[PDB]
Every structure is written in structure tokens, then in C-alpha cells.
């Protein structure tokens, strides 16, 4: 190695052994240190080196002479030697320069009695060279982190990182490696493999088995961790469906059927109600054909709410999409069971939050911010602007008409509404510490939903005066149709929502809005629940609070409104109009919800959008931008246990907790900066080795038990796409690719060695729990392991347990800024060093 170009015989490597080199899989890197036969204690005395006397390889060796010059110029400037060397410069001059630097390095080592300062200096120097930084990884692509590398299936130099799999972009749309001819709403292959960080190979049968193992662990967390059967997760969210092999959907579906019997009846299904985050318009019909074993979002209704109500006044659509642009056309929804089950929302922890922070940062701080890779300080200043925009009548960045969106989400038939934490409480600050201006209106709607919201739905779109309004009516419990005359409970249930999306709305003196309440509501007293005022929304918490504002239906069951009742407003809460009316005389404890039956299911689907699923409410119970806890009583899971009576009062039946995995701290993405739980190194570390952002493993256990004590189900966020920040390095044969895994031609990284962080400790929760339940699962549920998965043609393979993650179980990684030449070669032979 160390050539006849220095003080050899002194600076040569101690022995031909591997305990003398800092190596990665027996290869050397530009940041590799080594143990020389002799060190030079200060610039003074050559002494025999100990086992603790490692020194930078770059102190005494260089890949080319060009690099030695670069090293001398750099290390002179660092150590206070204003001598520069230029284009012309013999080997003898630079070897003399290299000695001198060597001598002063050793002097500073003895002065400070550490090498920490030199680790940094060598690192900083290495990152100045194109072959050891981003410049050899360019050009960047639309990957969230600027690009990715794909690990080669057959690398002769790295056979330990080989795979017979790494089958990419097997989305629901593209599961067979061809576009599914059945699903035509999305032209595209319906997603892409490389999203973030280390991309897990969910096409590998051994990894599939391990994803099921993790699923079983989460669904038995209570039993396994705390020997407590009251502290298990009831259900899952499947994170990033469009970025993983869709085989995982048959695996998770089969498990819910085999383990929880969700296929038998609605009681079983509704005790384990599991959701997808699946953005392709193909994913809902895919999931329906697969057996409604889980439910997807209604993306169409989300876009209809966003563009009809939430957008600025000049970017706002007409209101008719609120009726027609959804999985369910709500003109006249009179069905006992909707065709397809779904959940509905206007915002989520990611959707229409991090997007708005990015808009603010890009507009008023850093125009060159990459994807969602924000700094904490960018976030804090963005939130100064955001929090002011929330309280403004004229909003530049934040949603208009939040209460109008929730009035529709919480009265609509044939979808499970999901309330976002950050619409009731502030997106920043401590958990449940600060209420939004919309908290009252949303709370009032949640309590009214339990008491009044049942039966058939009618929505109408009336052109009035200069613009338009919509009416949305529920007929009341037992009344699917406008002609049903109902019983006593029908009479005191039902609701009328009236909305406009234009602040200039003025009815003519001649205009009337006739709202059919249904044949159970003839000649009846009605009172307001919400009314738009000049400064916001007045909530009425009882019949008596509203005593002065009572109005009546006529003999046909119609409420009638005029200009006196309806006009456009502009205030911090309403841009248009909102009016919500309920019948007078509901008992204090009236509850028109319905439980799931044990009657056998007969249509081949697990989940059914009937009155019992319509009775459920989902709560997404975190924000990305929650402040870190300063003391135990501010930990979210401790606050959840303390406030569990609130959630029951609101009719929350399904509590979607944040992912509970201990966050990585690399800061390479938003998730790793605000530590939400989506960026992790250990899949089984649920606040066990260290608190998560939300508290300790014991705080989580107590939160689950508290929710269960009120009959509320708890959802585990299943995140099989990627992992962050592995502590051990590994050398892989890699190819630069776009997020679809297509090779970027004109790249130095092409069947080339590259140094990834892709090995786990072997001493973490993964090492304890990995594969630990595969024998139990194959014994109880052999059919799970008999199924030939669609993408691979073969069953899951539980014959190997994953105690340590390594490169062979991953597709690739986001580019790490280590360059195409980071692994060192002998210049003459043009081959890599191997020990």
C-alpha cells in the first residue's frame, strides 16, 4: 500500500492483518484510518505504535498526485503554513510537504491529547474532492432527497449483497409487472419504488415474512411487551402503499382474516378497521376487488372540499363537486350499504400541512429548499407567518372555511370521517395545549353527530341571486328515503346543513331556499346548531341556548330561508355562508348510532359501509409539528390517557396514533427533524430503548389501556417502505437511478462499489423480536405461507429470520454524498484494495 513515496519503514502498515485497517467488508475508504509500524510523537521521536495509535491513510497515501497536492494545500491552510503548491510540482516537493504536515499533525495530537480534531479535518478535506462528494452523484432527479442508487442483484465484488429479487414498482396498478387492464382511472403505473432513505425490498419472500412478523407483533404489542392483553393495537394503517410491493396488501389482508376473522361478520371487521394511504385513483377499485379487507381514502371528496371551500376566493371551483365528485354521489344516498367503503378528510399530518409550510419557506425564506428537507430554524420562522395567517380574514397560505368542510365531513352518509388533530388544536406547541378558533364548531358537530346524524342523505345545488348554495339533509334514524314517516326517534333526529363558498352571495327579496327535511318532519320546531356571524360562527350547545331563534317546517316537511337568514360573509372562519339546523326536543342522552351485527357476511367483502360503519369516527391524534415535551405531563401518550373522556364525548371510535417507533436524528428529511416516528432504525423499538416523542413504552401501554376502557380502538402505523440511519457501514455494487429505478446514463456510478449505512447493530429490538413469531404464525395459519404472492410467483419464506438488516434485504438508498470513487484502488493495477 504505502509506496516508496514518504518515510516508509516507519509509515508502513503494522502487519498484513485486518485489525490494522479501518475497513468496510475488507475494502478501504478515503476516510479509512490505519495503524502504522511507528508513529512520530510530536515532530520528534519515532516510537513503536500501540493498538490505539490509528492515523489517517491520507496522511501517508494518495490515489493520484493531483490529490496529494490538494491534500497539502488544504492541510497547510488548516495548520497555519501559508505555502501553496501549483500545477508544476515534483513528487519530492509534495512528499516533503506531506512530511512537515505529518510532524505538525502529531504535535497538535500531543498538545490536545485527542485525534477528534483530525477526524473532522480529514472528513472536511475528503468532501472537497468531486469523486468523494455530491458532484459525482449528479445530476439530481425528482426523488425527495435528490436521487437514489440501486443495489445490483449480481455483484462479483460484493456477493453478500446479492439478491434474486429487488422487483421494483409492483404497485397495486403494476403488481404483475404489467399495468392492470381492469383499472383505467390512472394512466400511469400508479406509484414508484424509491421514496426516502433505505428502500426495503418488499419483493423478497424473507422480508415479506418479516413484515408479517412485525404486523403480528404490533397486533399483540400488549401481550408481548407487558404481558397485558388489554394493551394490544386493534388495527393498522398501511403507510406508502404506492411505494411498496402490493403483495403486502394480500399478506396484511390474509392476516386480518385468519387472525381476527374480519371476513365472517361486521362485528369482527369493525373491531379491526384498517386503512390504506393509497393516492392512485386505481387503488380503491383494486382494494374493492381484493375483498374490502381494508378501506382507502376518498381522494375525490378531499379534492372537492379543498377546491370548493379551502382555496383562495379566485382559485375556488363551483360547489356541485361536493355532491357528485366522490366515491359516492350524495344527490340521493338512500342505500342500506354503500357500494364501496372509505374514510374522508380535508387535512392530515402530511396532506395540506407540510405542503403549506413549504409554500411559506419557498416564498419568504429560502427559494431553493429541496422537497420537504427543512431545517428546524426554517420551520420555527415559517410557523410565525402561518399562525398569523390562521387568524386573518384574507389568508395567503392557510385553508378558508375549515368549519364548512367539517359540517359536510361529519353529516355525510357512506364514509367514515377522520378528524385531524391540527384542525381542533394548533399544529405547533404542546399536545392539546392550544385550541384553534374552529375547536368549538368542530366539537359541537362531533356531539351533534352522535345525537342527530342518521338515515338517508339528499344534497341540492340551488342557483340563487348572484351565486349558489348547497343543502345537505339527513332524514333521521330509520328514514333511508324522503317519504319514510319514521318513529319518535326519527322525529327528533336528522340535520340540515346550508353552505355558500362566495362572500358576495346576496339573495334577491324574491329568492327562497326550500329544504326538504323528510316526511317525519312535518309541522316541526327546528333550532340552530351553528350560524355564521360578522366575526365568526356562533355554536348552540342546547335547545334552550337557541330558544329565541326557533323556526318551523311547513305541512310538506320543508324549512324555508330568505335573504334575512342567508348571505355571504368574510371573517377568519367563514368565506361564504354556514348554517346548521337540528330538530327541537332530542333527549340529553339521544344516540342514533348503531353497533355492527354478528349476522354472517354473504357478499364476499369484509368491510361494509352500512349504518354501523357510518356510526364510526376516526381521529388522527398527532401533528408533525407538535413541540417536543419539556416534562412528563406534556408527553402526548400521558395526555391521551388523561383526556380519554374527551375522545368518547366526541364519538371517536378509532384512535389513529402516530407511528410509535423511536425516531432517527440524521435530519435528512422533515420526519427525521421533527421526529414524528416515520424515520426509524429499529421497527420493534416502541419507546423501549429510549422515549419516543410521545413518551415511554409504558406511557404508550397506559394510553392504549385508557382508550380501551372507553371502548375506543387504537391503530398501529405499519411502515414497511424504508428505514433510516443504520449504525454499521457496508460496501455494495450500486447503479445511479431515478425514483423508478431506471439507470441515469452519464453517471460514474454504474456497477460500481459504493459505501451505504445499511447494517443494524445485531443488539437492538429487531435482534430480539425478528422472526420470533414465524413458527407460531405458520402453525396457526399455514394458508398465509401456502399463498403464491402475485409479484414473485412464490410463497413468503420464513425459513430465515432477520435479526440484522443488511444491504441484501434492501432495493437501494438515497444518494449519501460520498461520490463514485469513495472506495480506494491501486492506481497502477486499477483495482480495489482488498485485505
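Positions refer to the first chain, counted from 1.
Colleague: Report, as yes or no, whether residue 2 is left without coordinates in at least one third of the other compared entries.
Modeller: Yes, residue 2 lacks coordinates in at least a third of the other entries compared.
Colleague: At least a third of the other compared entries lacking residue 49?
Modeller: Yes; at least one third of the other entries leave residue 49 out.
Colleague: If you average the CA temperature factors over each stretch, which comes out higher, 601-609 or 555-563?
Modeller: In the deposited entry, the stretch with the higher C-alpha B-factor mean is 555-563.
Colleague: So, looking at the entry's B-factor column for Cα atoms, which has the higher mean, 105-113 or 397-405?
Modeller: Mean CA B-factor is higher for 105-113.
Colleague: Check the PDB entry and point out which of 290, 656, 186, 378 has the largest C-alpha temperature factor.
Modeller: Comparing C-alpha B-factors across 290, 656, 186, 378, the top value belongs to 378.
Colleague: With respect to the C-alpha temperature factors reported in the PDB entry, which of 487, 239, 545, 271 ranks highest?
Modeller: The record points to 545.
Colleague: How does the C-alpha B factor of residue 625 compare with the rest of the chain: lowest, middle or highest third?
Modeller: Answer is middle: the recorded C-alpha B-factor places it there.
Colleague: Taking the C-alpha B-factors as the PDB entry records them, is residue 769 in the lowest, middle or highest third of its chain?
Modeller: Middle third.
Colleague: Residue 125: which third of its chain by C-alpha temperature factor?
Modeller: For residue 125, whose C-alpha B-factor we compare with every modelled residue in the chain, the answer is the middle third.
Colleague: Is the Cα B-factor recorded for residue 746 in the lowest, middle or highest third of its chain?
Modeller: For residue 746, whose C-alpha B-factor we compare with every modelled residue in the chain, the answer is the highest third.
Colleague: By the record's CA B-factor, is residue 358 among the lowest, middle or highest third of residues in the chain?
Modeller: Residue 358: CA B-factor falls in the highest third of its chain.
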